[PDB]
């Protein structure tokens, strides 16, 4: 992908003062609630039976933070995201067995969460750049599935 300076700056700007402990849990919880099959992977995470339980689940919250911090390496390496995610793709495929369609779905939840959080700051061009960034990351994370 060819990035414009505006795109690189928007992406840096979203992450520079991101509250990961806010946004991360919101994104993953929302995903588990709106697309409940994504709970497949979280049998070891305890109570997921209702929305309230998922939103109060500190183990899922800690995972939301972990997944969100997982975008950090893309932000830092925007021209080399394929290479930066190759090992994480291997992991999600060979060890974790996560259906990569779920990456797309989580990104859509993350978008909704960041939209809610940023308000007026979530301009049309912000959405455009952030969508472009998520598409590249999600593709990257699907590459090593075989």
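Numbering follows the first chain given and starts at 1.
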Of 92-100 and 36-44, the one with larger mean CA B-factor: 36-44
Which of the two stretches, 132-140 or 15-23, shows the higher mean Cα temperature factor in the record? 15-23
Using the entry's values, work out which of 118, 67, 53, 112 has the largest Cα B factor. 53
Among all modelled residues of this chain, ranked by Cα B factor, put residue 78 in the bottom, middle or top third, i.e. lowest, middle or highest. highest
Among the modelled residues of its chain, the C-alpha B-factor of residue 28 falls in the third labelled lowest
